[PDB]
Amino acid sequence: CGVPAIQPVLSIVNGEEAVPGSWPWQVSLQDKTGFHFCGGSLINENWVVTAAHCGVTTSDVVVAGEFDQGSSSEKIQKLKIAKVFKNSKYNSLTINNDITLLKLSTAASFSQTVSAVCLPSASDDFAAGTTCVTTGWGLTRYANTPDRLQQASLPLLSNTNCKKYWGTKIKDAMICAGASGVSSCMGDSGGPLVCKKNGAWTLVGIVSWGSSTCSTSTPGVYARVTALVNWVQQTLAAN
Amino acid sequence: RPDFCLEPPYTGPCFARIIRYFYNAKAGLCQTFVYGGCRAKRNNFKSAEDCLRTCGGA
């Protein structure tokens with residue numbers, strides 16, 4: 001996990017186009033018609049982790065190996081969802097514990113453009129200031145979504161710095177990043193916020209919420225995976 | 001009809017791109033809009049039919 005066959009090249013609002021297939025765990029969550037409503041991350045061949053607020057159902061589909069959503073010829077994997085596991089602790093009012101697991105009907109066929117992201121340990125400590133990356137097909141301007149997958153490097157923020165803006169809205173299962181010239185935006189939800197752990201890209205956050213106008217000077221708020229990974233491991237083990 | 005039917009559509013703070021319906025009093029019909037996935041207001045429906053049954057004529 002965490003090692004793309006195709007290495008990404010790094011120099012979402014104010015982000016940049018990603019090298020095709022360089023973020024193999026990135027999936028697009030779409031309805032039966034092919035409408036993209038959220039992103040997600042493959043954690044293995046049978047499971048996808050996304051946000052609870054995305055409201056995924058078994059009627060939706062997981063699209064893996066995609067780069068250009070405007071390309072009808074591009075080879076991809078449309079994977080059916082067998083069961084949706086929304087964290088029962090998801091707070092629809094505070095948005096805390098914003099995570100959901102998707103168990104695929106048929107496993108995804110891993111390849112050069114389709115593989116898994118690594119999951120952190122509950123005790124992992126990713127320091128504030130660490131340069132991480134987020135990806136997705138969300139709006140690049142606060143408008144329709146970009147056809148090609150976007151990426152952006154951004155720093156993790158300390159809870160103290162984040163609270164300087166969001167105050168008490170920041171809960172324990174949330175981690176902030178950004179306010180650095182880039183911003184996750186409508187359509188990026190459920191997607192990954194990854195940081196390197198011993199050289200491997202590890203899921204530190206899940207795009208969740210933030211500025212209502214996707215302001216690049218405002219902290220983006222992500223579901224803190226270290227605070228939710230135990231729930232993830234428990235769910236996989238039991239299913 | 002409820003006054004919430006007269007409120008403009010509310011995307012919210014979450015970053016999803018979910019299609020929902022809202023009643024547009026200026027046009028007299030329910031229209032689609034992009035909902036962020038959380039903290040929806042009441043003029044937010046999963047189907048045009050639900051929307052028309054709740055806000056039609058407001």
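Each chain gets a letter, A, B and so on, in the order the sequences are listed, and its residues count up from 1.
The two residues A:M186 and B:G12 make their nearest non-hydrogen contact at CE-O, 3.7 Å. In this structure, A:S189 and B:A16 approach most closely via the heavy-atom pair OG-N, 3.0 Å.
Contact of A:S211 with chain B is made through the backbone alone, with heavy-atom distances under 4.5 Å. Neither the backbone nor the side chain of A:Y222 comes within contact range of chain B; no heavy atoms are under 4.5 Å apart.
Taking 4.5 Å as the limit, every side-chain heavy atom of A:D98 sits out of range of all side-chain heavy atoms of B:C38.
Ranked by heavy-atom pairs under 4.5 Å with chain B, the list A:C54, A:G39, A:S208 is led by A:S208.
Distance check: B:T11 OG1 to A:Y142 OH gives 5.5 Å after rounding to the nearest 0.5 Å. Between the CD1 atom in B:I19 and the CZ atom in A:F37 there is a gap of 10.5 Å [rounded to 0.5 Å]. Interatomic distance, B:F15 CZ to A:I206 CD1, rounded to the nearest 0.5 Å: 14.5 Å.
A distance-only check finds no donor-acceptor pair linking the side chain of B:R17 to the backbone of A:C38 [under 3.5 Å].
Residue B:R1 places its CZ atom among more than 12 non-hydrogen atoms of other residues, nucleotides or ligands, all under 6.0 Å distant. Taking a 6.0 Å sphere around NZ of A:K169, one finds it holds 12 or fewer heavy atoms contributed by other residues, nucleotides or ligands.
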Could you go through A:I95 and B:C14, starting from their C-alpha distance and side-chain angles, then the distance that decides it, and tell me whether this counts as side chain to side chain contact (heavy atoms under 4.5 Å, CB included)?
CA-CA 9 Å; A:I95 318 173; B:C14 286; 3.9 Å; yes

